[PDB]
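# Residue-level structure breakdown
Letter by letter, the chains look like this.
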Amino acid sequence: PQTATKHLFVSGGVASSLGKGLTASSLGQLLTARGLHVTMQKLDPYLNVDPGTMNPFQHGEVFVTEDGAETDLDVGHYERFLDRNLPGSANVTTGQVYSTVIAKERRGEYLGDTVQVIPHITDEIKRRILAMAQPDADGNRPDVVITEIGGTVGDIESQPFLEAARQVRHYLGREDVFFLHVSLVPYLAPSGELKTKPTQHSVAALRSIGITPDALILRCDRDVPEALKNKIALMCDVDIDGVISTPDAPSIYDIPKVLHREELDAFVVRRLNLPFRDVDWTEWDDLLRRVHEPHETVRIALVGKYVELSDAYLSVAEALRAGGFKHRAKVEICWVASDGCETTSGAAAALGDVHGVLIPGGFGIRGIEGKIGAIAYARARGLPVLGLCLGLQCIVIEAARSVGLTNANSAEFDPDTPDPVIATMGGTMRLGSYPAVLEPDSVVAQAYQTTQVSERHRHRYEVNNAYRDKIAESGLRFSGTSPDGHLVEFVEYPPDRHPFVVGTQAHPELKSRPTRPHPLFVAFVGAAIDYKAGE
Amino acid sequence: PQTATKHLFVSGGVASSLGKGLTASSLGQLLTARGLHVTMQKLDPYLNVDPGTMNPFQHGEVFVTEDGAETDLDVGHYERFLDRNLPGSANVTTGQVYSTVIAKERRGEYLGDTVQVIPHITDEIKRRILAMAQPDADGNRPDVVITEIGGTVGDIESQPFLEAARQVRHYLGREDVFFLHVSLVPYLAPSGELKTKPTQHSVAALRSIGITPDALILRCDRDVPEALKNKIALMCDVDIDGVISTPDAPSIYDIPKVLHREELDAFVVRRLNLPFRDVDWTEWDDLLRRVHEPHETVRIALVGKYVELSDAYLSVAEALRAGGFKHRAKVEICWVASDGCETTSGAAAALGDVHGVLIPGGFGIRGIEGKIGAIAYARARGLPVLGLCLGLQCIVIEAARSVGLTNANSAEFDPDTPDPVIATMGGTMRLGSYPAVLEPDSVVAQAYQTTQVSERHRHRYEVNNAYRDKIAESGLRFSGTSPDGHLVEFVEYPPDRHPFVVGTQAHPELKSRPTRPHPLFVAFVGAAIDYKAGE
Amino acid sequence: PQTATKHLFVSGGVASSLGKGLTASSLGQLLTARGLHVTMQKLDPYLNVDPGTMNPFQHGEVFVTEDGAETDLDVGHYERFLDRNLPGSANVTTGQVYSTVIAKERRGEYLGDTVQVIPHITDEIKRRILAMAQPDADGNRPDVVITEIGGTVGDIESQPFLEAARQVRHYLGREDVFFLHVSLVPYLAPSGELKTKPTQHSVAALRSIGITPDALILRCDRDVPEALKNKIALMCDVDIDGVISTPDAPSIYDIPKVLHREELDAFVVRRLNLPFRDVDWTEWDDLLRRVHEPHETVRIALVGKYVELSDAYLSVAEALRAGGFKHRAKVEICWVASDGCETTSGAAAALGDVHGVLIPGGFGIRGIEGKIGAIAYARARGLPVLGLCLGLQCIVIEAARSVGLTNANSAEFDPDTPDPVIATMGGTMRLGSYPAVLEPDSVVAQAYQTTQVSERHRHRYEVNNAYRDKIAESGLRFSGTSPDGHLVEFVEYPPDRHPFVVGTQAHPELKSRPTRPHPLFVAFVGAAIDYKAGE
Ligand SMILES: O=c1ccn([C@@H]2O[C@H](COP(=O)(O)OP(=O)(O)OP(=O)(O)O)[C@@H](O)[C@H]2O)c(=O)[nH]1
Ligand SMILES: O=c1ccn([C@@H]2O[C@H](COP(=O)(O)OP(=O)(O)OP(=O)(O)O)[C@@H](O)[C@H]2O)c(=O)[nH]1
Ligand SMILES: O=c1ccn([C@@H]2O[C@H](COP(=O)(O)OP(=O)(O)OP(=O)(O)O)[C@@H](O)[C@H]2O)c(=O)[nH]1
Ligand SMILES: c1ccc(-c2csc(Nc3nc4cc5c(cc4s3)OCO5)n2)nc1
Ligand SMILES: c1ccc(-c2csc(Nc3nc4cc5c(cc4s3)OCO5)n2)nc1
Ligand SMILES: c1ccc(-c2csc(Nc3nc4cc5c(cc4s3)OCO5)n2)nc1
Ligand SMILES: NC(=O)CC[C@H](N)C(=O)O
Ligand SMILES: NC(=O)CC[C@H](N)C(=O)O
Ligand SMILES: NC(=O)CC[C@H](N)C(=O)O
Ligand SMILES: [Mg+2]
Ligand SMILES: [Mg+2]
Ligand SMILES: [Mg+2]
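Residues numbered from 1 in each chain as written, not as in the entry; some residues may be left out. Chains lettered and ligands numbered in written order. Part of a larger assembly, values for the part shown. Heavy atoms only, no water.

Per the PDB record, this model was obtained through cryo-EM at a reported resolution of 2.8 Å.

The PDB entry lists chain A under the name CTP synthase, with Mycobacterium tuberculosis given as the organism. This entry's official PDB title is "M. tuberculosis CTP synthase bound to inhibitor GSK735826A". Turning to chain A, the UniProt annotation filed under Subunit (unreviewed entry) states: "Homotetramer." Recorded in UniProt under Sequence similarities (unreviewed entry), the annotation for chain A is "Belongs to the CTP synthase family." (UniProt positions renumbered as here; feature names shortened; annotations may be inferred.)

Here it is as structure tokens:
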């Protein structure tokens, strides 16, 4: 019979941004390849009940699940490395826990007690952790749950989750629980030395709350010397087999290979006494060939907020690269500002050297006229264009203005527009998976190679059915809809008007994986390659 | 012009139950007698949004304000020592703060930030503290706000409030902020020595969070020797003028005299540079004469949960003593269990030696038949009876059963009763002050010496107007009502049926003060004295 | 009259090696240039009573004072920036403090008390701090004492000194005491962001022991953005005028200019209310011209332990550069291993491209045959050579072997040598300043331009007076001696044998300053320049 389910806790020291979520994802990929069944959880110590209120240009994109949960973006790294649809239960926040305990208290469920952080908050967190280990709807019980604890050890907001993880160690014992601690080793250029003292103080801080790490991951810009690992092992009371050197890798897809070279997964498997097996690399070896040995390069403009990389489009950038991997092409992202495209000369300057334009969606944007300028320029030049949610809305507005409805706009951006071609059907936010039907041999039907699809949604405005007949005077096809046809889901131009100009109301980048590119990103990068070839 | 408003923070170490709320009340009484205007606040670190859910026999009574807030009972010590109606704003809890910040977050008011314990929770607490210093509805600004921080220094739940108090010290400076720290000095009988080490570790804990105490209150069963106070002052870095010895006093009304003997208030006034004046003792000297030199003793049965003192009836016990002070009588409380009175022989055993029976109210009780037995016995013996809220309901039920409605009951305790003489007008809980009119020369009108009164409410059942005519066949008078007569507020028997048997739907014990006894408790203890005299 | 003496405490966070000793030296240079009288102290938390036992290749050179104290090398940065002879009292260690308190205890001086860390150790440290503020032998009282506390805030060994510094703040008050805190801001290359969290946790650690910093020095590889300094100031409760950005400078002599650009000294002068004045830069501007705009470059071989920079020769490297500054020459140090010079072909490989050879001294070396090979090669090539202490001993041994005493050696390295030309006069270690007389118009007399000098000593072997007549058959002159002639202090070859081959038994690099080059290093770098010119 199957063993007891193991719990592995991932924690971080010195600083955030050390990549412990990619560490947890790579350890999940490794343990999955050894034949274990892994499930994953993130704990977020912030008080927002979900990141749907948070600014994505400051705090990164909101990930959306099939069940329509708005989650932290680390759940997207879990999805991309596991290739699994994760539930909304995969993300916990302090705001959810406190709101739940206070609601139970106001209903009288604690039978007249004083309600406290310990036990009642830590009990709610511990319940949410132990719930992950229960059998799924198909009867499968995980072999391990990997739980990543957000923040830094030493943060006031981190303390309840670390106390609950300690209580899980006490309840299940050291045979069923493993603690992995991520820490920074800085280099000082004037004296030319790596400093171990920050890791020592971080492990001392962790020990002061009753947790001893089973392994240390040392984050550094260069390989940590053996003598320094020995000093760390000695001072931190950690097995030298558990002090792992992890210099920064060229891509996130190398991290599994790095962790396997150091034998972290073998250390974990031995320590937890799990059913050992060798890793099979064949598919991740094919991935890394497509990563590191591309046959060609193509440039995609991303018409976003600013001319620099932002986690606001992390999953769009990853989906573009994955769509390139299918062709063995390097997709270089040219981050273009929306506002430089507002003038037609400015558009021709910024969007001039690129081979495709992507118009990304999301909340946290105000004003869209520059994106409509980018679309108009791209259609004039004959570039391929992929518009995601708001990109569809901009394509429909640009079409409406092209048919002479010069003041036509989204009611979200001109409530006084005489022709609200985009309007609420504040309306209702559509969230999560909805089905669609595609017109046969429509461009999107060729991309999916089917007439029936489902995609994840996060929007509250719809294409105005009152304007369809006028918009269609451009030749635009409402080629994909809700199954009743009531809602437009996809728009396309026929192939003889433009080679590929497509918008979708959905967020398909959330369904993409490096091992399984999404069909539209494949077809879009294909049209970009064909443009570069024809130009 | 008036100075800046000072903030004095009261905090506790080693343990709870050290009496820091009575300390804060006595310091408020002293500073008021020197002519300063004092206002008071309590911070409760528990997550209950109010104690209305908490069991009063475990956690003490719920105090009720004029504006109908359910508050912690320490607000009642503030009311009794200040003789001031305090607002609901006088009590803050962690549950209120978190519920408020989470509601603001879900409304988008933090403009896309990550919401954190620091700043946003500590900012909400600091706002609630600094709000106390604003002018009242009559334009009066307090000279000092005294803020008592609940829990013990070292509790996880205490940390946000202590951090906010530190931020107030940083914002206003040491000239406007004073920290008072209450601590325990234990005596060890085998070695015969007082131990200073617990206070040293408590002050070290306080210093580790950035607060240095301005004075230490040492709680002990015996007077602390001068050499020990010197050792404490030396080790704790506290001015020897600020190490105060406070042995346990015979009554809570002695604590002001004790604190003045040690010159704590003079130390505070000097340190804060407040307008000095002498205390006038004349009224508190008259109080302490009525406390310590009573002319006679009378026994009042309290028919409560159990035969021992409980904070579930703290304000009823204090109101009974205050009602005795008017007569210069010692009122000795005979705590009687409800259940020993269920049999008539058991009632005659427990309620046999007493001169009056009080039937107290509250939530947290189930079953009332023993209290109805107590009332029936007391009316048979001819004892005086005062029934508070539920005591009125029991008196009305006992009357209904006496007129032959043998199964008549409260629907709260027999939902299947054929004659629900007490019923909901789950109904609506009446809270706070409501007016009443009293029948002229009714017994209650003689007690108040008026026909118009207002009293605080906390109940959701009413006397059934359908049964008034039948209940009145006992001779019961509905002598006090709501101003329309729709609701019964007071019941009495005429004086020739019984000397004093009164119930009120209100909680008059909340309006009582030691310096200002409530009229009904005066009239009840008077009827008890008259019974002892006649018997 | 002069004000009270101010105490400024320098402390470090996150890691050691952040350069807080050069920070303290540069602040001393700045405050001296504004006309204040500064004196300096270092506290070392290690238990060694002095570093004379510690390995200099692991822990850096031992500095030697005029009074013959063996001290930490930071006292040499104090000497070079102040140009002051510092006492042995300038360095305190835990070993000295504990040895002193335990000796007092064993003598009964604590009158039968229990001896404790607090008070007695912290009292001894506080006494050693406050002693620095007493008038010197000429009656001058310092305006400020700058005290650098070694280690990192969070180290167990640091805690007594930080507690004593807190007690000094409490005793003298915030008007007389300033706390400067040095901290690291790391850069993470994968995400491209500077992290403030390590500084926040470091300041929180400092606050947890009762110290609030008056200013933060942020150590970084790049200039910290204004928004990050604002975040730090906000979270750490530090005045934004006191958050100082200090990227790594090209040389240690730029740090004063960097700290003045940020106005740290003006912030300090204002905060301490010291007599303000402008800095005069004229001499440090001339220094920085000689640093940054040299007219030529010359290569000096250093025949040390290893082919890389070591703090074992920090003051020798600085003395060589200072000796170059006089000529406006860049002296590039070619670090050469002793052992590569053991074969004559290996010597001709390693010492081939250089223009002068320096043979440095010290303890912590075993075996000298490679240095004798280097000297023999250099004399054959005709290179100039400067031998410091052991370098003199090697020159005398090389001479003895050149006159045919093939087995002649130091008894320290061959106790069985038949001809111990270097021997103990374990002998007595000579420490500190001793006088010497120089033969008139000897090469050393031309260098000093005098016949009478004093130099610092740290050695226990002497030139064997029994061998002088034989060694002189080489033509070597014992041109400098003790005043009686009993001890050889300097050896030279006459100018027609070699242009400059000099050894001294002393450590003249300890008397050198960048503003005042030592005469021998001037004459040696001059002979190296002349060789490069003639070759
Ligand atoms: O992965 C996570 C998840 C959540 N959080 C939570 O976000 C909040 C901010 O935590 P930060 O680490 O971001 O602190 P900071 O921004 O102010 O400092 P630096 O960037 O300069 O380094 C904290 O409450 C933390 O618990 C994380 O830090 N990391
Ligand atoms: O059994 C022992 C042995 C040794 N010591 C050592 O004696 C020193 C004094 O430790 P104390 O416990 O006696 O502190 P204190 O006297 O100042 O406080 P109180 O009596 O009022 O409670 C401390 O350094 C301690 O470590 C003990 O306390 N107990
Ligand atoms: O300037 C000083 C003086 C003295 N010390 C004392 O030396 C001892 C070692 O303190 P370290 O800072 O050197 O710790 P570490 O070597 O083991 O860690 P890393 O180098 O890798 O960063 C500690 O006891 C400290 O108090 C310093 O660290 N710095
Ligand atoms: C956002 C931010 C960064 C990146 C990005 C691109 S490449 C790269 N390199 C990395 N190497 C390691 C190596 C680790 C580790 C984490 C990382 S991250 O934890 C275990 O050892 N990070 N992408 C988007
Ligand atoms: C509930 C619980 C107790 C009592 C009760 C009855 S008598 C008594 N004696 C006391 N003396 C002091 C002296 C203090 C002090 C607090 C107290 S409490 O803080 C400052 O110094 N406590 N009543 C109801
Ligand atoms: C041994 C080790 C290093 C060096 C060396 C050579 S150059 C250089 N650059 C530096 N810049 C700053 C800037 C600071 C500071 C310290 C330093 S050290 O604290 C205040 O701001 N360090 N030499 C011998
Ligand atoms: N996710 C998005 O791109 C949203 C686009 C637009 N604000 C809408 O709600 O329809
Ligand atoms: N406060 C009370 O005594 C409440 C009594 C009764 N449970 C009611 O609600 O009417
Ligand atoms: N300081 C030194 O170079 C010492 C050299 C040699 N060991 C001696 O004592 O004489
Ligand atoms: Mg070290
Ligand atoms: Mg003792
Ligand atoms: Mg941040």
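## So, the overall build of chain A
Assigned secondary structure in chain A consists of 18 helices and 23 strands. A compact globule built from 535 residues would reach a C-alpha radius of gyration of about 24 Å, and chain A, at 25 Å, matches this within 12%. Projecting the C-alpha coordinates of chain A onto the three principal axes gives extents of approximately 75 × 60 × 50 Å. A buried classification covers 60% of the 535 residues belonging to chain A. Carbon together with sulfur atoms contributes 48% to the accessible area of chain A, which is approximately 20,900 Å² in total. Each charge sign in chain A was given a centre, from 53 positive and 70 negative side chains, and these centres are 3 Å apart. (Helix = DSSP H or I, 4+ residues; strand = E, 2+ residues; numbered from the N terminus. Rg over C-alpha atoms; globule rule 2.2 N^0.38 Å. Buried < 20%, exposed > 50% of the residue type's maximum accessible area, 1.4 Å probe, protein only. Areas by Shrake-Rupley, 256 points an atom, 1.4 Å probe, with all protein chains shown as cover. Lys, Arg positive; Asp, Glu negative; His and termini not counted. Charge placed at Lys NZ, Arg CZ, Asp CG, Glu CD.)

## Describing the UniProt feature "binding site: Mg(2+)" (unreviewed entry) in chain A
All names here are of chain A. Per the UniProt record, "binding site: Mg(2+)" (unreviewed entry) is found at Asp 74 and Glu 148. For the residues just named, distributed over 75 residues, the greatest C-alpha separation is only 9.5 Å, placing them together at one site. Tracing the backbone shows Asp 74 in helix 3 (residues 74-82). Under the relative-accessibility criterion, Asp 74 is labelled buried at 12%. Sequence-distant contacts of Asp 74, defined by excluding residues within four places in its chain, comprise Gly 21, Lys 42 and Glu 148. Considering the arrangement of structural elements, one finds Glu 148 in strand 6 (residues 144-149). With relative accessibility at 2%, the residue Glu 148 sits in the buried group. Aside from chain neighbours lying at most four places away, what touches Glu 148 is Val 10, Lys 20, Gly 21, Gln 41, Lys 42, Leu 43, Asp 74 and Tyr 78. (Contact = heavy atoms within 4.5 Å.)

## Regarding the UniProt feature "binding site: CTP" (unreviewed entry) in chain A
In the UniProt entry, the feature "binding site: CTP" (unreviewed entry) is given for A:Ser16, A:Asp155, A:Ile156, A:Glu157, A:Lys195, A:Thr196, A:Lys197, A:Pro198, A:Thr199, A:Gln200 and A:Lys231. Spatial dispersion of the annotated residues is evident: they stretch over 216 residues in sequence, and the largest pairwise C-alpha distance comes to 31.0 Å. With respect to the helices and strands, A:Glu157 occurs in the loop between strand 6 and helix 6 (159-172). Residue contacts for A:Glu157: discarding those within four places in its chain leaves A:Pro45, B:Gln116, B:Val117 and B:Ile118. Setting aside residues no more than four positions away along its own chain, A:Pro198 makes contact with A:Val14, A:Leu184, A:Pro186 and C:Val14.

## Remarks on the side chain of B:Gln393
Residue and element names in this part refer to chain B. Along the polypeptide, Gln 393 turns up in helix 15 (residues 390-402). The exposure class of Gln 393 is buried, given its relative accessible area of 5%. Contacts of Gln 393, omitting those with residues within four sequence positions, involve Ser 410, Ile 422, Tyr 461 and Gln 505.

## Here we look at the interface of chain C and chain A
With 21 residues of chain C at the contact, the number on the chain A side is 21 residues. Regarding the contact of chain C and chain A, the summed buried area is about 1,400 Å², with carbon and sulfur atoms giving 62% of it. Area buried by chain C at its contact with chain A is led by C:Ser17, C:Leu188 and C:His201, which between them contribute 27% of it. Inspection of the chain C/chain A interface yields two salt bridges. A salt bridge links C:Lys197 to A:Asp155; the nearest nitrogen and oxygen atoms lie 3.0 Å apart. At the junction of chain C with chain A, the criterion picks out six residue pairs in polar contact. Across the side of chain C that touches chain A, the residue classes break down as nine nonpolar, six polar and six charged. (Buried area = accessible area lost by both parts, 1.4 Å probe. Salt bridge = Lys/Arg side-chain N within 4 Å of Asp/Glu carboxyl O. Polar contact = N/O pair within 3.5 Å; in protein donor to acceptor, adjacent residues only side chain to side chain. Nonpolar A, V, L, I, M, F, W, Y, C, P; charged D, E, K, R; others polar.)

## Thoughts on the site of ligand 1
In the vicinity of ligand 1, 13 residues are found, and the nearest of them are A:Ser16, A:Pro45, B:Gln116, C:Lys195 and C:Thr196. Each of chains A, B and C places residues near ligand 1. Residue A:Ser16 places a side-chain N or O atom 3.0 Å away from an oxygen atom belonging to ligand 1. Within the side chain of A:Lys42, one N or O atom sits 3.3 Å away from an oxygen atom of ligand 1. Isolated, ligand 1 exposes 590 Å² of accessible area, and the fraction of that covered by the protein chains is 80%. (Near = heavy atom within 4 Å.)

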